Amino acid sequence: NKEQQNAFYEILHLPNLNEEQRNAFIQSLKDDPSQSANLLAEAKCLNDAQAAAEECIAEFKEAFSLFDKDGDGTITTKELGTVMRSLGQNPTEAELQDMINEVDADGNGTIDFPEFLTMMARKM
């Protein structure tokens, strides 16, 4: 309860959060203060997505790692499928292909972290 306390305060005073959002980070950092640095980062991104670039990239990396299970810095068509069918969805292997193709810049059949970034940026 030393650097925890700091983050706590900082979240309290992040201007742009609404008080439902504020409340979320707060009581959740109470139940698990070991997670202090991570909740601050997420809120920092939530509050100013332009100003909190590193914190957004931070969180977005962990999102990447979720699909990129073998960790070769790339999301294959298979890894997409592997993740999705684990979520009870049943895609035809032709939609998995259309889903990668729809966010693939250099058109090499997979998805790199920069391409991943663009997709996130796009909606919103």
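In this text, residue numbers run from 1 along the sequence as written.
- In this crystal structure, the stretch out of 44-52 and 94-102 whose C-alpha atoms carry the higher mean B factor is 94-102.
- Here 105-113 and 5-13 are compared by their mean Cα B-factor, and 105-113 comes out higher.
- Annotation for 69, 78, 61, 30: 69 ranks highest, by Cα B-factor.
- Among the modelled residues of its chain, residue 65 has a C-alpha B-factor that falls in the middle third, as given in the PDB entry.
- When all modelled residues of the chain are sorted by CA temperature factor, residue 35 is found within the middle third.
- In the deposited entry, the Cα temperature factor of residue 23 sits in the middle third of values across the chain's modelled residues.
- In the PDB entry, residue 119 places in the middle third of its chain by CA B-factor.
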